[PDB]
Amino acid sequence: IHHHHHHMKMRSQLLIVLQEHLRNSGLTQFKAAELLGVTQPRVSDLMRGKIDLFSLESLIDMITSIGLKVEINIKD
């Protein structure tokens, strides 16, 4: 397994938005996994806040699966 420990403000922002949206979606963890196209243990880890297990692309994948838009701004 890869564990992630960088970009934590961004990673936590994406995770909290994904958790909150899933929490009042009316979906069970099973139906949530079906919608996101991931396994139930993956949903469990997300809802338990195991943030280290989630790459930025996986979080962005799931945010988009639930119908949200992610926009980036790059600052120099």
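Residues carry their position along the shown sequence, with the first being 1.
Per the deposited record, the Cα B-factor of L35 falls in the highest third when ranked against the other modelled residues of its chain. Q13: CA B factor lies in the highest third for its chain, per the PDB record.
The deposited CA B-factor of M62 belongs to the middle third of values across its chain. In this PDB entry, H6 carries a Cα temperature factor that places it within the lowest third of its chain's modelled residues. Ranked by C-alpha B-factor against the other modelled residues of its chain, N24 falls in the highest third.
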